[PDB]
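Report on one structure; see the data block that follows.
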Amino acid sequence: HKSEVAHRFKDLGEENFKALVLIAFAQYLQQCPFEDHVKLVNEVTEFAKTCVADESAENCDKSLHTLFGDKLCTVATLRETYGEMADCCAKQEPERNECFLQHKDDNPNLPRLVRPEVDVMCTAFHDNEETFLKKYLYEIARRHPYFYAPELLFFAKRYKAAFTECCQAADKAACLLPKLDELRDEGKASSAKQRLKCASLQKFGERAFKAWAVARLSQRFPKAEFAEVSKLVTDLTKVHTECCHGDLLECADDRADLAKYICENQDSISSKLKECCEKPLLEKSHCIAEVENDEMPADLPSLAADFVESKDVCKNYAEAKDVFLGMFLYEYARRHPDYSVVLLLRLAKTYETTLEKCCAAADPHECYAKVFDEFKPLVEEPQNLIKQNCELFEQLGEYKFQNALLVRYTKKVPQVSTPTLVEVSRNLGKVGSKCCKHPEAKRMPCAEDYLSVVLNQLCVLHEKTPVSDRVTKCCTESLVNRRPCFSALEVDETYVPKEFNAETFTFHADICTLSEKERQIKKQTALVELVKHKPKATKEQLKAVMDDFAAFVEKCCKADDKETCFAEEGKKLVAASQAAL
Ligand SMILES: CCCCCCCCCCCCCCCC(=O)O
Ligand SMILES: CCCCCCCCCCCCCCCC(=O)O
Ligand SMILES: CCCCCCCCCCCCCCCC(=O)O
């Protein structure tokens, strides 16, 4: 590589290059208007083509960081707007790059992106496809400035694919808004996992990260040897150290090295990787991360022969403890893709705890011969809740199931704000939908994925304005004990029933004109506020107050003079409901 830009432009192509340079600049300079970044992109691009044409041409010998910082420092509004960022420009490059990273603000005071009417978007899409898309790519990019750029680009192409389909359609909103909802969900889910991988590495350490990674890579490449899994977990640990630090260009260099490696040693890693390795430079790593489990080898020995019965277990443990526990977790994991990653680490921590007592003890082989019995119950805890909650989701719909949860959690933690309880109850139910459609074989890894990002979001909102110490306990616990902690919460026996507020239980005639989505949030808020007023109420009592409410609405949204009904029946509903509690 005589020219780094020339090469990236060859490996990426003009279109991909422009998009990535835009995303890159919208991530450092988050307050400049769209049309200034377009001028910048086109000048960086005009210059890249100079180097493609002639590797020896003026300025083509320079580093990507060096060229990037230079173009950043040409902006004249820079001092007046960003201030301290401008002071970086005084430095020489190795120090200067580090300075632009220190002054990258996650979430500035930027207004929420309004979704326009479907009609507005489709007309816009048709009339100038490109500038419609880059303008929206520039908006997401300035708001989520630590969102790895190629993944952001990958989402972009799926928005483009949603409009191409749904603007030439029968009914646009019913086509498009679900596509856009599924995408928004994944963009929010993906942004949470990057945040979470990085918070995990810092708050818990290199050791629990590798543990997590070994469990993971072994479930997915079960035919690979442990030496090979080690090698991948080493390089992945470097990858995330670096990608957390924020240097887009060095983060991208590492992931691609990893994908180049994995595709060459494909033979000795996984059969299900042929497709991902035919894909071009940009997509490779992203694709490999999404790869399916390889099938495990047919008849695989039970583990007690080497980790429980055999002598020289302690003599193997003591030699190198973490590598032997690694040996273990690999072996356990590759036999059990139906387990959550955290289940497997709960087990490996259990085997650790015993080998500590029993290898320092009078008789080793005897003290720990029944260690596998400790597993049995640990395994059944998450399996039972999935048996039980997907039983309940099947009886009631998605929506009525959300209301079971909302009553459950409001009783466990009644101090939490109402919009928050309503929101997480609704997501838990959505997890219900996506995960209960999988068979027992796949349910626990499904939940692990969705619960971890629902639970991370929960602990952030709590960090900001705390509310319960029991919730603070669950959020300042190991990653392995996060979900059992939430699960171990009991109905708050201390909670003082809150003051009845009349207004809270008054319904006007507008809840007939609302959407199904809005109606549900209105009613759901009233259920929370009801469980907060009468915590000590039975499933039959609350089923009765609920059904009285079902008839009351149905009676008033199907009669002449809807409004006087809603205040006259309303008087009656409240008094009768007061009395039955
Ligand atoms: C490839 C080598 C990686 C090393 C893997 C070590 C296996 C560790 C098993 C314990 C899981 C982490 C739980 C620690 C909880 C705690 O510190 O309280
Ligand atoms: C003045 C220079 C501006 C910067 C030039 C564009 C930089 C884009 C680099 C992204 C390359 C992505 C490499 C593949 C890694 C991956 O697959 O995740
Ligand atoms: C701002 C903090 C909000 C706190 C909300 C507390 C409600 C608890 C939610 C727990 C859901 C996790 C699944 C637990 C499974 C179980 O019920 O056993």
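Here mature numbering (1 follows the signal peptide of the UniProt record, and there is no 0) runs 8 ahead of the position in the sequence shown, where the first position is 1. All C-beta atoms, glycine included, are put in the ideal place defined by N, C-alpha and C.
Take the Cβ of residue i as the centre, count every other Cβ of all protein chains shown within 10 Å, and call the residue buried at 16 or more, exposed below.
i: residue 532; result: buried
i: residue 508; result: exposed
i: residue 302; result: buried
i: residue 418; result: buried
i: residue 21; result: exposed
i: residue 227; result: buried
i: residue 354; result: buried
i: residue 340; result: buried
i: residue 292; result: buried
i: residue 3; result: The shown model of the chain, from 9 to 589, leaves out residue 3, and the question about it has no answer.
i: residue 35; result: buried
i: residue 344; result: buried
i: residue 38; result: buried
i: residue 254; result: buried
i: residue 520; result: exposed
i: residue 161; result: buried
i: residue 273; result: exposed
i: residue 463; result: buried
i: residue 67; result: exposed
i: residue 87; result: exposed
i: residue 262; result: buried
i: residue 587; result: exposed
i: residue 123; result: exposed
i: residue 117; result: exposed
i: residue 45; result: buried
i: residue 83; result: buried
i: residue 119; result: exposed
i: residue 522; result: exposed
i: residue 461; result: buried
i: residue 479; result: buried
i: residue 267; result: buried
Keeping to the same chain, check which residues put their C-beta closer than 8 angstroms to that of residue i; ignore five residues upstream and five downstream.
i: residue 212; result: 486, 487
i: residue 571; result: 516, 517
i: residue 191; result: 163, 166, 167, 170
i: residue 556; result: 581, 584, 585
i: residue 358; result: 379, 382, 383, 386
i: residue 249; result: 209
i: residue 259; result: 156, 247, 250, 251, 253
Which residues in the same chain have their Cβ closer than 6 angstroms to the Cβ of residue i, if we skip the five residues on either side of it in sequence?
i: residue 72; result: 12, 257
i: residue 279; result: 302
i: residue 553; result: 585
i: residue 295; result: 284, 287
i: residue 526; result: none
i: residue 362; result: 376, 379
Skipping 5 residues on each side, what residues in its chain have a beta carbon closer than 7 angstroms to that of residue i?
i: residue 390; result: 348, 351, 452
i: residue 92; result: 111
i: residue 456; result: 348, 349, 350
i: residue 174; result: 180, 183, 184, 187
i: residue 79; result: 48, 52
How close, in whole Å, do the beta carbons of residue i and residue j come, if the pair is a contact with beta carbons under 8 angstroms?
i: residue 437; j: residue 403; result: No, residue 437 and residue 403 are not in contact; Cβ-Cβ is about 13 angstroms, not under 8 angstroms.
i: residue 497; j: residue 415; result: Incorrect: roughly 14 angstroms between the Cβ atoms, too far for contact.
i: residue 500; j: residue 422; result: 5 angstroms
i: residue 459; j: residue 439; result: 7 angstroms
i: residue 17; j: residue 65; result: Actually they are not in contact, since the Cβ atoms of residue 17 and residue 65 sit about 13 angstroms apart, beyond 8 angstroms.
i: residue 333; j: residue 313; result: Going by Cβ atoms, the distance from residue 333 to residue 313 rounds to 17 angstroms, so no, they are not a contact pair.
i: residue 493; j: residue 481; result: 6 angstroms
i: residue 367; j: residue 338; result: Rounded, the Cβ-Cβ distance is 20 angstroms, inconsistent with contact.
i: residue 229; j: residue 222; result: Actually they are not in contact, since the Cβ atoms of residue 229 and residue 222 sit about 11 angstroms apart, beyond 8 angstroms.
i: residue 27; j: residue 60; result: Actually they do not touch by this definition, with Cβ atoms about 17 angstroms apart.
i: residue 335; j: residue 234; result: 6 angstroms
i: residue 3; j: residue 506; result: This structure cannot speak to residue 3, because the chain is shown only from 9 to 589.
i: residue 475; j: residue 430; result: No, residue 475 and residue 430 are not in contact; Cβ-Cβ is about 15 angstroms, not under 8 angstroms.
i: residue 563; j: residue 577; result: 6 angstroms
i: residue 465; j: residue 207; result: Rounded, the Cβ-Cβ distance is 12 angstroms, inconsistent with contact.
i: residue 536; j: residue 426; result: 5 angstroms
### Message
Contact between the region 209-220 and the region 232-245 is defined here as three or more beta-carbon pairs at a separation below 8 angstroms; is this criterion met?
### Response
yes
### Task
List in chain order the residues whose CB is within less than 7 angstroms of at least one heavy atom of ligand 2.
13, 16, 20, 25, 28, 29, 32, 52, 72, 75, 76, 79, 157, 158, 256, 257, 260, 263, 264, 267, 289, 290, 291, 292, 293, 294
### Sufficient close CB pairs (3 or more, under 8 angstroms) joining the region 22-33 to the region 130-147
yes
### Query
Quick one: any contact between the region 150-159 and the region 101-114, if contact means 3 or more CB pairs under 8 angstroms?
yes
### Task
Count the C-beta pairs between the region 382-402 and the region 442-458 that are closer than 8 angstroms, then say yes if the count reaches three, no if not.
Yes: at least three Cβ pairs fall under 8 angstroms.
### Query
Can we say the region 172-184 touches the region 122-134, given the rule of at least three CB pairs closer than 8 angstroms?
The region 172-184 vs the region 122-134: in contact.
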